[PDB]
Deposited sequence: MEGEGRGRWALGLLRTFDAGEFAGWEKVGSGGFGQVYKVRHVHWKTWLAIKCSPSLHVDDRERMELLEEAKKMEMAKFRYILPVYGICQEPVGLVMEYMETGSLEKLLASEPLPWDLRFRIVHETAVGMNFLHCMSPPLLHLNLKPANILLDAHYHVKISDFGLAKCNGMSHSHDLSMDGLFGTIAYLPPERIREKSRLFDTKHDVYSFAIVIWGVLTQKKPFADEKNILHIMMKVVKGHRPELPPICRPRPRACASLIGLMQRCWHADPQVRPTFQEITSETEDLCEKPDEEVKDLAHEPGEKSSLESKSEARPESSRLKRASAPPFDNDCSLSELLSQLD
């Protein structure tokens, strides 16, 4: 698991350039000078708890090596950091804010995301992502999906992606149905090109309502692809069902999202 990962010196990198920040904080586009390609490095903002947690993150990424999962290359220690593949086009969040997207691409993004999530849940034991949102869905130069940010995975803003049972229950056992809910809200974002609950300012009221079955407002049926759109809306609704056990598996989800790409 941790054997094939490489150790990097900062001298191996150059042309450092910030691409995103926050809690994890400081992600940079870097050029590996000897390999002549760009990589991504997420740095720290010191102790042994971070070093072991960062190493855990890398090992989880490595175990899930897949077409729709971001590759990990290894560890820097000049600044302590996770070294991984660079995704030129950046996040789905930015893509949805940029301009209206063609529906064929929207369905492909949904489908590829679902195939990525399915892969994780097919592992033994299942790997739960638990932080799936457009901001963590990265896109390559040809707009194909690779799932990213395994910081919260297990063997403000995030409230919208939180399943209602996580609000109902103090300290519930994390399961596959968590990810399925979050995926529902990803679908909603792809359908609308909006962020969920972006206008409503009362976070607590809207969270309370979510425990009792309140969800983001259903979008209308689009003109270009009204049948596929209806189907996707329906799938979304099943994925955000109040009862976790009624929600589809990603095995079922992928069967349906595949048909949307026809």
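Undergrad: What residue ranges of the deposited sequence are absent from the coordinates?
TA: Residues missing from the model, as numbered along the full deposited sequence, span 1-9, 55-57, 168-181, 289-342.
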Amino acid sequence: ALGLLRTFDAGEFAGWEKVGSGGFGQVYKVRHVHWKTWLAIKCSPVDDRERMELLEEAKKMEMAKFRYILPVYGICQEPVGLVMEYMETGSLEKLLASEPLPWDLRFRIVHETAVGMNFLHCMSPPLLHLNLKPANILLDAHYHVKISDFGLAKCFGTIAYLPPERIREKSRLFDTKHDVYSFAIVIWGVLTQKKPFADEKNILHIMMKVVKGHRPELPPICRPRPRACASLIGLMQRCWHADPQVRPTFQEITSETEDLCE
From here on, numbers count along this sequence of modelled residues.
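So that the term is clear: the rigid core is the largest set of C-alpha atoms that superpose within 1.5 Å between two forms.
Undergrad: Compare 106-114 with 156-164 and report which one shows the larger root mean square C-alpha deviation from this form in 4 other deposited structures of this protein once the rigid core is superposed.
TA: Comparing 106-114 with 156-164, the larger C-alpha deviation in 4 other deposited structures of this protein belongs to 156-164.
Undergrad: May I ask whether residue 244 is missing from the deposited models in at least a third of the other compared entries?
TA: No, none of the compared structures omit it.
Undergrad: Is residue 20 left out in a third or more of the other entries?
TA: No, residue 20 has coordinates in all the other entries compared.
Undergrad: Do the CA atoms of 207-215 or those of 66-74 have the higher mean B-factor in the entry?
TA: According to the entry, 207-215 carries the higher average C-alpha B-factor.
Undergrad: Compare the mean C-alpha B-factor of 251-259 with that of 4-12 as given in the PDB entry, and name the stretch with the higher value.
TA: Result: 4-12.
Undergrad: In the PDB entry, which of 108, 170, 121, 142 has its C-alpha at the highest B-factor?
TA: In the PDB entry, the greatest C-alpha B-factor among 108, 170, 121, 142 is found at 170.
Undergrad: Using only the C-alpha B-factors in the record, can you name which of 193, 237, 231, 202 has the highest?
TA: If I rank 193, 237, 231, 202 by C-alpha B-factor, first place goes to 202.
Undergrad: In terms of the chain's CA B-factor thirds, is residue 227 lowest, middle or highest?
TA: According to the entry, residue 227 has a C-alpha B-factor in the chain's lowest third.
Undergrad: Select lowest, middle or highest to describe the third in which the CA B-factor of residue 100 falls within its chain in this entry.
TA: It falls in the middle third of the chain.
Undergrad: C-alpha B factor of residue 164, ranked within the chain: lowest, middle or highest third?
TA: Answer is middle: the recorded C-alpha B-factor places it there.
Undergrad: Consider only the C-alpha atoms of the modelled residues in this chain, order them by B-factor as the entry records it, and name the third containing residue 43: lowest, middle or highest.
TA: CA B-factor rank for residue 43: highest third.
Undergrad: Residue 174's Cα B-factor: lowest, middle or highest third of the chain?
TA: Middle third.
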